[PDB]
Structure formats: C-alpha cells, structure tokens
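Single chain ahead, by itself, as structure tokens, in the form deposited in one PDB entry.
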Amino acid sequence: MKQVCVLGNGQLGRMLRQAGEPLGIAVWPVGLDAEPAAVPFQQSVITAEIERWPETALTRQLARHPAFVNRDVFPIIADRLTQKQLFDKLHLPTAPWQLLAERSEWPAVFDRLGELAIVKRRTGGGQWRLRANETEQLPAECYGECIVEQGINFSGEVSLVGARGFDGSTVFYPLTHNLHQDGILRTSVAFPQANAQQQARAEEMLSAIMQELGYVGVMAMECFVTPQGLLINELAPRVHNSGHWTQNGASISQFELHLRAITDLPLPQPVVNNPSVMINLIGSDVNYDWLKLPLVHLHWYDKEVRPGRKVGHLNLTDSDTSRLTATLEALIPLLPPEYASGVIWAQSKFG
C-alpha cells in the first residue's frame, strides 16, 4: 500500500494528507524537531513539502534513505546559484545574473544588469531590490551568500505546475497567472486554455528540467512574461501556492497528483474545463461571512493568525464567468482592505 511520510509540518503537508485520505493513501506530515520514532519512515515513500532543512535527529535518518523521492535533487534547487546554473546549462531563458561576491562588484553589476539589481539569498529566501545609490543597505552578510540579477520588467507573472512520473511521462495544468504584493503571492487566476505559445514554451522548459533532474512528483516553474517570451524566475520542487486552485478547479489536484507520482499510481492529464481564482488569506482571521457566497471554497490551515502569515486561501471556479466575477465583487467588502486590489486584478483578467 500507500503509506507516505511528508517532511515538514506546514499547510502543504496538511493539504497533501487531506488529498490522500479519500485515495486510501495514509499521509504522515512530520516536523523537523520530531523524533525519528513517530515517523513510519522505514515502511513509507518519503517526500517533503519544504526545500531545505538542517540535519536534525529526524533528518539525519533521512540521509541516503532509499524511499526518499528526489532526496538528491532538493539541494540542487535549494541553492539559487546551482538552480540558476541549471537553467544556464539547459540554455533556458532566465534573468541575467551573477554570484554577488563583494561590494567591489557593484559598478559592473550595475553596468551589466541595468539600473535595478534584485539580490536574493542563495538559500532560505530574503530579497533586496537596489539601485546604485542604495547599495549600503545590503547586509554585509549577503556577500558570497546571494546572487544578484536583472530586475525584470515583466508584463505579468505565470507559473506552470506539472508532474513527472517514474517512467518519465509528464502532465501539466494550464498556466496560472499570479500577482505578488510585497513579495508575497496574493492572487492567482487560471484559464482552461492559456496562450498557446506560452503554454508550449513553459511545458517544454519544465519537461526539460524535470528530465534533466530525473525528478518524479509535482514541480512548479514560476516565470515572467516579457516581449521575448517567458523567462524562468525560480522552481519549487513540490506542490506550490500558485496551484491551490486545482483543489476545486481540476479533476485531479496538484496534491493528488504529487501523491500519485511518488507512489507510482496512474498519472493521466488532469481535466480543467473552467477558470478558477484563488485568493490567499494572509494574517487575517477566519470570517465565515465569506461562506455566504456559494462559489467560495474556504481552505483554512488552522495555523495561528499572525501578520504576514499564510493562514488559508479561498478558491472560486465556475463555467459562468459573469457569476464568478460577480462573486469576487461581493467578496471584496467581506475581506480586509488589503485584499481589494488583488481581487480587482483577478476580475480584470476576465475581460
């Protein structure tokens, strides 16, 4: 049978466990502080809902564990330097970049990357956007530990969520449009038919990366839409926030898909017929008033509400798009004010 242990105790692991239950797959999400005992590791397929972790009592036991799918891929992707090098190695479009080694480097960096430099920690996410006058602000700790790239002026951001099976087969969801405010995802919208050139471009780059890594399971590739096409921003070797809409807007969710892949169950293409919109709930308390609107699917994480914390998400799907945007309209006043703009941005794509 289907026994799965998930390294990491956050909402992604919870949604995976909720997904496996009606499939008859028992999923055990475990925190890094756990005792290796309470972990049915020795008889499970092992996966993670996190990207990197230190050696802990529990994790040490996971080192070289043969049931840990993709065990060896994580670190390649967890360090932005090696992740960017992978795109370069595959000749995949990505923002121009370099290791930011020393303050010495700034003028050339500016010369070459343009006016705005996006500095990102190599591991553990962690970002600064700087102009030549502002460089002092970057902590001295970053030198040697961050990459820096051209700030991309994209028209929008989209991510491709898909999965690759042990046999190399691949399946994908339509691209999803995502809006980030203060570096965090606030809203996502997916249409059953995306721009065909874009979709094709994304599936070919993601297939190429998954094949290269020998990856099995769900992976998300976030990209920037530019006049020249998509540029790859970053990868997530796991189910990703942008794909949550799949819980109610696809015949197979990203959670079920990930489980199917790693346990070697059937991996047909998920069916997506209507559009969906996802609104992330961040630092807000649950408001059951939202459930007055029948299209609203509430996904509460049962985490403590704190500022800037992802506490849940709302999914809405419908073949009637007038009904859908009307609902979004009705939802606005039921949410705290900082939600409005991302809702309006979502409604705008239905035009």
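C-alpha atoms forming the largest set that superposes within 1.5 Å between two forms make up the rigid core. Numbering starts at 1 and follows the sequence shown.
The form deposited in another entry exists for this protein as well; it is not shown, and the discussion that follows is about that form.
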item	value
2 Å-or-more CA mover between the shown form and the other one, where superposition uses the core and the choices are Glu134, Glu212, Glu234, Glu203	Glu134
Rigid-core frame, C-alpha of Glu157, shift of 2 angstroms or more between the shown form and the other one	no
Flag for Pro268, CA shift 2 Å or larger between the shown form and the other one after aligning core	no
Threshold 2 Å Cα movement between the shown form and the other one for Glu102, core superposed	yes
